[PDB]
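Below is one structure, written out as structure tokens, with a few remarks after it.
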Amino acid sequence: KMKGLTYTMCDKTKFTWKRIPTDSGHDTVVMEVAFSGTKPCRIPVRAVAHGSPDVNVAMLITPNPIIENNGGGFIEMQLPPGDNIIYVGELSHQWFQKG
Amino acid sequence: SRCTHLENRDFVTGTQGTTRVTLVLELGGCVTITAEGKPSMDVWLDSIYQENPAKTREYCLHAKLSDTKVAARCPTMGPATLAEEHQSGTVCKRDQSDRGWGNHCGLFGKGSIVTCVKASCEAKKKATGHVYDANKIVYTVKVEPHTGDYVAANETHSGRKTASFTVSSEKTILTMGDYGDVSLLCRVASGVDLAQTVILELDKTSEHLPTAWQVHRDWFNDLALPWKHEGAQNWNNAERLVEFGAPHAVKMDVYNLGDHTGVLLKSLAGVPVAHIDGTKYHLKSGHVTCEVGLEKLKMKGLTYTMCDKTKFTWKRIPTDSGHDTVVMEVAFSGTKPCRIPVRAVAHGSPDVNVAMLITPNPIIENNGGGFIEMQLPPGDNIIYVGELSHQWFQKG
Ligand SMILES: *[C@@H]1O[C@H](CO)[C@@H](O)[C@H](O)[C@H]1NC(C)=O
């Protein structure tokens with residue numbers, strides 16, 4: 001079963017990193033975010049090929065990423081080569097993908 | 001939407017200037033009707049039935065054989081005879097038996113022999129036929145407004161309306177609550193061939209059989225068994241379940257040809273069933289032709305506030321219905337009646353909304369309204385319900 005598909009989307013303003021986007025060595029990117037609302041909610045995660053904001057290119061490895069009353073901040077994803085911007089609502093981080 | 005409960009469906013589409021749509025409605029089909037600026041409607045033929053259709057010919061499946069009586073005569077004395085030959089409810093055969101001296105008979109030759117067996121039907125071994133009357137058959141047509149309410153097949157939509165079409169039923173108007181009126185005229189002769197049709201019925205209490213079968217009139221009259229009409233006392237053609245074994249002196253051998261139920265059931269394999277709800281005999285296949293009047297339907301809540309785009313969640317995530325439509329249901333968390341802000345985008349082209357809704361002007365009410373059905377172009381799309389979104393891939 002998919003957990004929390006009926007949860008509220010999180011407030012896009014209320015994110016911070018705990019751990020900035022990082023290459024895992026498996027072509028995936030890993031990260032962790034904190035969220036500051038007192039809530040269980042669905043994380044608004046996406047990524048953009050730089051200069052093309054319309055097409056979301058985030059292939060998540062963590063499907064339907066969710067923050068819970070304890071736990072949930074960690075996200076893993078895969079991205080196309082070249083410049084990308086990762087977003088977690090209003091958080092963003094320019095990511096360059098190798099090869 | 002009743003027509004999501006079925007894997008047979010049709011979609012009918014009128015322009016803004018449409019009135020009186022003409023349909024064929026079939027049992028186990030369902031039609032969704034759409035018109036620009038009108039609420040969409042699910043319309044279906046619910047049932048075709050009659051209370052107590054006229055019993056025709058009964059058939060007997062298994063004979064109960066009794067009172068085998070024999071009489072025989074010596075070769076000069078002409079015909080042997082029994083009173084049985086003239087009684088009701090007997091089967092008889094007349095034949096020639098070899099006779100001679102010691103066959104306790106004067107002369108060597110062939111003597112007349114007659115045998116008669118009393119032949120009733122075995123208890124509950126009847127196949128009764130029934131015939132429909134165009135002056136007493138009821139077609140039932142059902143309608144529901146294609147609202148944002150999802151209700152399962154074991155549950156009933158509160159906006160569901162029913163029209164009976166007897167031959168004595170003219171153009172009938174159903175008030176779809178807040179959605180205005182729909183009118184129906186279904187012509188009961190523009191339907192099933194009731195002269196060609198018999199409801200064949202065996203033992204109703206048979207736990208491992210159909211209640212009845214819908215069978216052709218000529219084929220039913222060609223069943224090769226003993227038969228009688230309602231209230232008649234004795235079987236015509238009782239011969240059909242009795243064999244006589246070749247004569248031996250003063251014997252001819254009466255043999256009961258056994259229960260023919262399995263012979264019938266093999267000839268009824270795959271044949272359309274008919275249900276029997278006590279006195280009501282229902283067809284399970286067949287159709288009617290209707291005109292549906294859309295011209296007095298109203299759009300509900302076009303003057304409601306658009307909903308707060310932030311306050312949505314899924315109850316049920318976007319899903320393929322199998323009809324090329326996508327279905328979903330959303331909750332909304334404002335304490336309100338409001339118009340749902342629904343749209344969809346071809347992925348990478350955010351400007352053109354591609355959501356062809358099947359639920360026009362989708363609305364959330366103080367109870368009900370969250371369900372949405374729509375159609376989308378092939379390839380990648382994003383569905384939105386305000387700030388909710390879901391990437392949808394459309395097949396073919
Ligand atoms: C329909 O079936 C479901 C599943 O068994 C059940 O939860 C529900 O109460 C049923 N509805 C009605 C009205 O029978």
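Letters for chains follow the order of the structure tokens (A, B, ...), residue numbers begin at 1 for each chain, and ligand numbers begin at 1 in the order shown.
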
Find the residues near ligand 1. Use a cut-off of 10 Å, count only C-alpha atoms and all ligand atoms, and write them as a PyMOL selection string. chain B and resi 151-156

Show me, as an mmCIF file with N, CA, C and O atoms, in the first residue's frame, the residues of chain B whose atoms get within 10 Å of chain A, using only C-alpha atoms for the distance check.
data_model
loop_
_atom_site.group_PDB
_atom_site.id
_atom_site.type_symbol
_atom_site.label_atom_id
_atom_site.label_comp_id
_atom_site.auth_asym_id
_atom_site.auth_seq_id
_atom_site.Cartn_x
_atom_site.Cartn_y
_atom_site.Cartn_z
ATOM 1 N N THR B 310 -5.991 25.786 -2.325
ATOM 2 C CA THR B 310 -5.103 25.150 -1.356
ATOM 3 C C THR B 310 -5.762 24.007 -0.582
ATOM 4 O O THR B 310 -5.064 23.140 -0.072
ATOM 5 N N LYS B 311 -7.089 23.981 -0.454
ATOM 6 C CA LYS B 311 -7.796 23.175 0.554
ATOM 7 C C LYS B 311 -8.242 21.771 0.111
ATOM 8 O O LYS B 311 -9.029 21.134 0.807
ATOM 9 N N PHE B 312 -7.725 21.277 -1.004
ATOM 10 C CA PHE B 312 -7.982 19.951 -1.547
ATOM 11 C C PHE B 312 -7.031 18.859 -1.053
ATOM 12 O O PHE B 312 -5.838 19.098 -0.885
ATOM 13 N N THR B 313 -7.537 17.627 -0.924
ATOM 14 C CA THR B 313 -6.752 16.383 -0.815
ATOM 15 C C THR B 313 -7.395 15.341 -1.720
ATOM 16 O O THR B 313 -8.577 15.459 -2.020
ATOM 17 N N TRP B 314 -6.698 14.299 -2.162
ATOM 18 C CA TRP B 314 -7.401 13.158 -2.749
ATOM 19 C C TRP B 314 -8.173 12.393 -1.670
ATOM 20 O O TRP B 314 -7.712 12.287 -0.536
ATOM 21 N N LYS B 315 -9.337 11.840 -2.021
ATOM 22 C CA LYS B 315 -9.884 10.626 -1.391
ATOM 23 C C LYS B 315 -9.495 9.396 -2.198
ATOM 24 O O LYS B 315 -9.256 8.332 -1.636
ATOM 25 N N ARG B 316 -9.406 9.564 -3.513
ATOM 26 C CA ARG B 316 -9.137 8.511 -4.467
ATOM 27 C C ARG B 316 -8.374 9.106 -5.632
ATOM 28 O O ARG B 316 -8.859 9.991 -6.311
ATOM 29 N N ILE B 317 -7.151 8.662 -5.810
ATOM 30 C CA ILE B 317 -6.150 9.194 -6.738
ATOM 31 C C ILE B 317 -6.601 8.971 -8.195
ATOM 32 O O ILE B 317 -7.331 8.015 -8.446
ATOM 33 N N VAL B 330 -11.852 13.877 -4.723
ATOM 34 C CA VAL B 330 -11.152 14.808 -3.848
ATOM 35 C C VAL B 330 -11.990 15.136 -2.631
ATOM 36 O O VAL B 330 -13.205 15.209 -2.707
ATOM 37 N N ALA B 331 -11.358 15.323 -1.489
ATOM 38 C CA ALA B 331 -11.952 16.032 -0.372
ATOM 39 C C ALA B 331 -11.617 17.519 -0.486
ATOM 40 O O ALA B 331 -10.618 17.897 -1.096
ATOM 41 N N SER B 333 -11.572 21.031 2.327
ATOM 42 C CA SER B 333 -11.535 21.299 3.771
ATOM 43 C C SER B 333 -12.137 22.639 4.215
ATOM 44 O O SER B 333 -12.260 22.870 5.418
ATOM 45 N N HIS B 347 1.907 17.662 -20.648
ATOM 46 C CA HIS B 347 3.129 17.929 -19.880
ATOM 47 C C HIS B 347 4.156 18.717 -20.702
ATOM 48 O O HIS B 347 4.498 18.336 -21.821
ATOM 49 N N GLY B 348 4.637 19.833 -20.153
ATOM 50 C CA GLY B 348 5.516 20.771 -20.854
ATOM 51 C C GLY B 348 4.802 21.897 -21.612
ATOM 52 O O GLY B 348 5.484 22.786 -22.126
ATOM 53 N N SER B 349 3.465 21.923 -21.639
ATOM 54 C CA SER B 349 2.647 22.982 -22.251
ATOM 55 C C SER B 349 1.567 23.500 -21.287
ATOM 56 O O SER B 349 0.395 23.179 -21.459
ATOM 57 N N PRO B 350 1.906 24.305 -20.261
ATOM 58 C CA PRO B 350 0.995 24.636 -19.158
ATOM 59 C C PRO B 350 -0.210 25.511 -19.507
ATOM 60 O O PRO B 350 -1.101 25.689 -18.680
ATOM 61 N N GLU B 387 -4.245 23.471 -6.182
ATOM 62 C CA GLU B 387 -2.862 23.172 -5.821
ATOM 63 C C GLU B 387 -2.544 21.675 -5.755
ATOM 64 O O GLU B 387 -1.368 21.323 -5.826
ATOM 65 N N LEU B 388 -3.532 20.780 -5.639
ATOM 66 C CA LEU B 388 -3.283 19.359 -5.888
ATOM 67 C C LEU B 388 -2.858 19.166 -7.319
ATOM 68 O O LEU B 388 -3.481 19.721 -8.213
ATOM 69 N N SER B 389 -1.900 18.287 -7.545
ATOM 70 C CA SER B 389 -1.626 17.764 -8.872
ATOM 71 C C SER B 389 -1.209 16.302 -8.852
ATOM 72 O O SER B 389 -0.843 15.751 -7.815
ATOM 73 N N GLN B 391 0.720 13.650 -11.900
ATOM 74 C CA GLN B 391 1.134 13.335 -13.262
ATOM 75 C C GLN B 391 0.395 12.086 -13.734
ATOM 76 O O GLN B 391 0.450 11.041 -13.091
#

Given the choices A:46, A:27, A:39, A:76, which gets closest to residue 61 (chain A) if the distance is worked out from only C-alpha atoms?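 Nearest to residue 61 (chain A): A:76.
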
Extract, using only C-alpha atoms, all DNA, RNA and protein residues at most 12 Å from residue 89 (chain B), discarding same-chain residues fewer than 2 positions from it, and format them as a CSV table (one decimal) with C-alpha atoms, in the first residue's frame.
chain,number,residue,atom,x,y,z
B,63,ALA,CA,-42.7,-40.5,-17.1
B,64,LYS,CA,-44.1,-42.5,-14.2
B,65,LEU,CA,-45.2,-45.8,-15.8
B,66,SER,CA,-47.8,-48.2,-14.3
B,67,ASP,CA,-50.6,-50.7,-15.0
B,84,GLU,CA,-57.0,-49.3,-21.5
B,85,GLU,CA,-56.8,-48.6,-25.2
B,86,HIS,CA,-59.8,-46.1,-24.6
B,87,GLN,CA,-58.9,-44.8,-21.1
B,91,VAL,CA,-49.7,-45.5,-23.7
B,92,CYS,CA,-50.5,-48.6,-25.8
B,116,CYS,CA,-51.0,-50.7,-22.4
B,117,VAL,CA,-49.1,-48.7,-19.7
B,118,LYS,CA,-50.6,-46.0,-17.5
B,119,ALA,CA,-48.3,-43.0,-17.8
B,120,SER,CA,-48.4,-39.9,-15.6
B,121,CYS,CA,-45.6,-37.4,-15.2
B,226,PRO,CA,-45.0,-35.5,-23.8
B,227,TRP,CA,-46.9,-32.2,-23.3
B,228,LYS,CA,-50.1,-30.6,-22.1
B,232,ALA,CA,-55.4,-30.2,-18.9
B,233,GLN,CA,-55.5,-33.5,-17.1
B,234,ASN,CA,-53.3,-35.9,-19.2
B,235,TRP,CA,-50.2,-35.8,-21.4
B,236,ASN,CA,-50.3,-35.6,-25.2
B,237,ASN,CA,-47.7,-37.8,-26.9
B,238,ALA,CA,-46.9,-39.9,-23.7
B,239,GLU,CA,-45.4,-42.4,-26.2

In region 164-374 of chain B, what's strand (DSSP E) per DSSP? Answer as number ranges by chain? B: 164-165, 172-175, 181-187, 197-201, 212-216, 227-229, 242-248, 251-256, 273-277, 280-283, 287-293, 312-320, 325-332, 338-339, 342-346, 349-353, 356-357, 363-364, 371-374

Between B:136, B:161, B:309, B:284, which has the minimum distance to residue 215 (chain B) (counting only C-alpha atoms)?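 With only C-alpha atoms as the atom set, the closest residue is B:284.
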
Compile the contact shell of residue 44 (chain B) as a list in words: residues with an atom at most 9 Å away, counting only C-alpha atoms, same-chain residues fewer than 6 positions apart removed. residues 2, 3, 25, 26, 27, 28, 29, 30, 31, 32, 140, 141, 142 and 143 of chain B

The selected residues should be written to file as a PDB file, in the first residue's frame (atoms: N, CA and C atoms).
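Generated file (result-v9.pdb):
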ATOM      1  N   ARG B   2     -23.488   5.372 -12.365  1.00  0.00           N
ATOM      2  CA  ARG B   2     -23.857   3.995 -12.702  1.00  0.00           C
ATOM      3  C   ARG B   2     -23.068   3.455 -13.880  1.00  0.00           C
ATOM      4  N   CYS B   3     -22.796   4.219 -14.928  1.00  0.00           N
ATOM      5  CA  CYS B   3     -22.102   3.633 -16.069  1.00  0.00           C
ATOM      6  C   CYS B   3     -20.612   3.371 -15.823  1.00  0.00           C
ATOM      7  N   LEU B  25     -31.513   1.562 -25.810  1.00  0.00           N
ATOM      8  CA  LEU B  25     -31.070   1.134 -24.490  1.00  0.00           C
ATOM      9  C   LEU B  25     -31.114  -0.391 -24.426  1.00  0.00           C
ATOM     10  N   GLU B  26     -30.039  -1.040 -24.002  1.00  0.00           N
ATOM     11  CA  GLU B  26     -29.922  -2.500 -23.952  1.00  0.00           C
ATOM     12  C   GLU B  26     -29.741  -2.969 -22.521  1.00  0.00           C
ATOM     13  N   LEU B  27     -30.254  -4.147 -22.181  1.00  0.00           N
ATOM     14  CA  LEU B  27     -30.032  -4.726 -20.863  1.00  0.00           C
ATOM     15  C   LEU B  27     -28.540  -5.013 -20.673  1.00  0.00           C
ATOM     16  N   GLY B  28     -27.985  -4.614 -19.532  1.00  0.00           N
ATOM     17  CA  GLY B  28     -26.549  -4.721 -19.262  1.00  0.00           C
ATOM     18  C   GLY B  28     -25.656  -3.711 -19.997  1.00  0.00           C
ATOM     19  N   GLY B  29     -26.225  -2.814 -20.802  1.00  0.00           N
ATOM     20  CA  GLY B  29     -25.586  -1.579 -21.249  1.00  0.00           C
ATOM     21  C   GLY B  29     -25.875  -0.418 -20.304  1.00  0.00           C
ATOM     22  N   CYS B  30     -25.277   0.735 -20.576  1.00  0.00           N
ATOM     23  CA  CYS B  30     -25.591   2.015 -19.949  1.00  0.00           C
ATOM     24  C   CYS B  30     -25.108   3.141 -20.853  1.00  0.00           C
ATOM     25  N   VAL B  31     -25.853   4.238 -20.951  1.00  0.00           N
ATOM     26  CA  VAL B  31     -25.490   5.392 -21.788  1.00  0.00           C
ATOM     27  C   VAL B  31     -25.234   6.602 -20.910  1.00  0.00           C
ATOM     28  N   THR B  32     -24.099   7.274 -21.095  1.00  0.00           N
ATOM     29  CA  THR B  32     -23.881   8.618 -20.550  1.00  0.00           C
ATOM     30  C   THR B  32     -24.146   9.637 -21.653  1.00  0.00           C
ATOM     31  N   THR B 140     -38.453  -1.020 -17.788  1.00  0.00           N
ATOM     32  CA  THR B 140     -38.043  -0.031 -16.785  1.00  0.00           C
ATOM     33  C   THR B 140     -36.830   0.718 -17.282  1.00  0.00           C
ATOM     34  N   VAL B 141     -36.917   2.038 -17.394  1.00  0.00           N
ATOM     35  CA  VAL B 141     -35.781   2.903 -17.689  1.00  0.00           C
ATOM     36  C   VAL B 141     -35.437   3.712 -16.454  1.00  0.00           C
ATOM     37  N   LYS B 142     -34.150   3.775 -16.133  1.00  0.00           N
ATOM     38  CA  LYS B 142     -33.620   4.521 -15.000  1.00  0.00           C
ATOM     39  C   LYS B 142     -32.679   5.616 -15.473  1.00  0.00           C
ATOM     40  N   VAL B 143     -32.687   6.721 -14.740  1.00  0.00           N
ATOM     41  CA  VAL B 143     -31.880   7.910 -15.006  1.00  0.00           C
ATOM     42  C   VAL B 143     -31.216   8.359 -13.719  1.00  0.00           C
TER      43      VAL B 143
END

Have a look at B:318, B:17, B:334, B:293 and name the one nearest to residue 172 (chain B); count only C-alpha atoms. B:293

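Among the candidate residues A:91, A:15, A:86, A:2, the one lying nearest to residue 30 (chain A) is A:86, with distances computed using only C-alpha atoms.
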